[PDB]
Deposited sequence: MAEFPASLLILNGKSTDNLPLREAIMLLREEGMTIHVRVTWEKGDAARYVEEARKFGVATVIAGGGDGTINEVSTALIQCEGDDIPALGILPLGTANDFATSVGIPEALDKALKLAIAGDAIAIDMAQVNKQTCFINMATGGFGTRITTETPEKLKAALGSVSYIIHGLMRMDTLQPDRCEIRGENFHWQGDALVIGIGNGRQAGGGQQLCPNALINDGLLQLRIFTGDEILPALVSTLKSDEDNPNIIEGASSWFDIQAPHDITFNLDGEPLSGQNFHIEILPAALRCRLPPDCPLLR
């Protein structure tokens, strides 16, 4: 039986079913450590702790943000027995988990997350620092839950990647590892998380209105600040280098997964 440590996002705690689901399995003979996060940096600590135990999987119990905190710490482990990632959709939206088709049924999800066949997948990383496993969307702000932003105005940027170059004013920039952002509409409907490419969609104005591209990297510059929402995390600035970390971690994913080549 493979050991697991589950990292619960502080919000999604209270959930009698999950508690009872963890009991059932623990006595069926599975080790499932649990750890609850209170804030940024907690994820990494409990990942480190998972490594101590030599656990098989670390399971992100959360929405996209918790999945990133766990992933980012995963993909910055030194060494040899890095745990895989497993996912339990416990955010308020779970765009990433829905789109890889993590089971809605709570017990089956655990079952996948603990026993599933792990498969190497890509992470995206911004300015050799912040990471994201799903979607980056960018705007000139300061629309709605459409991307944690409120005033959206078109403004100059220049963007480049392998045999890709573009310059103009733009309203939204979606660079995806996955298909669907917050809410759950396809910004990059053909993304795969194992092709080693980011998908780029530039929304011009307010088909010539959308420019598209696919590259293992994109540089973005703008004279005024761009506001990127990276799987919930905000990042502002005039220079972004977004690069794929190909095959950076192993995820327990269901067999048919829609986002695998």
query	finding
Non-modelled portions of the deposited polymer sequence, in sequence order	1-3, 146-165, 230-244
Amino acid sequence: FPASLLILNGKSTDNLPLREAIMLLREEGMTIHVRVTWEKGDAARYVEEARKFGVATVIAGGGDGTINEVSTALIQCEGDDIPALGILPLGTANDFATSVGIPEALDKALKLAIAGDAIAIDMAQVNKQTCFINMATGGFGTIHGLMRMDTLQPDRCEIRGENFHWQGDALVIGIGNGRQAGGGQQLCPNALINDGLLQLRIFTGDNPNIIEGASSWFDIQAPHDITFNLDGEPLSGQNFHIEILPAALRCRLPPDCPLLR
From here on, numbers count along this sequence of modelled residues.
{"query": "Segment of higher mean CA temperature factor, 94-102 or 148-156", "finding": "148-156"}
{"query": "Mean Cα B-factor comparison, 18-26 or 246-254, giving the higher one as deposited", "finding": "18-26"}
{"query": "Peak C-alpha temperature factor (PDB record), options 87, 115, 187, 133", "finding": "187"}
{"query": "From 125, 177, 142, 72, residue of greatest CA B-factor", "finding": "142"}
{"query": "Third of chain Cα B-factors occupied by residue 216", "finding": "lowest"}
{"query": "Relative C-alpha B-factor of residue 40, binned into the chain's lowest, middle or highest third", "finding": "middle"}
{"query": "Chain-wide C-alpha B factor ranking for residue 201, given as lowest, middle or highest third", "finding": "middle"}
{"query": "Position of residue 233 among the chain's modelled residues by C-alpha B-factor, lowest, middle or highest third", "finding": "highest"}
{"query": "CA B-factor placement of residue 173, once the chain's modelled residues are sorted into thirds", "finding": "lowest"}
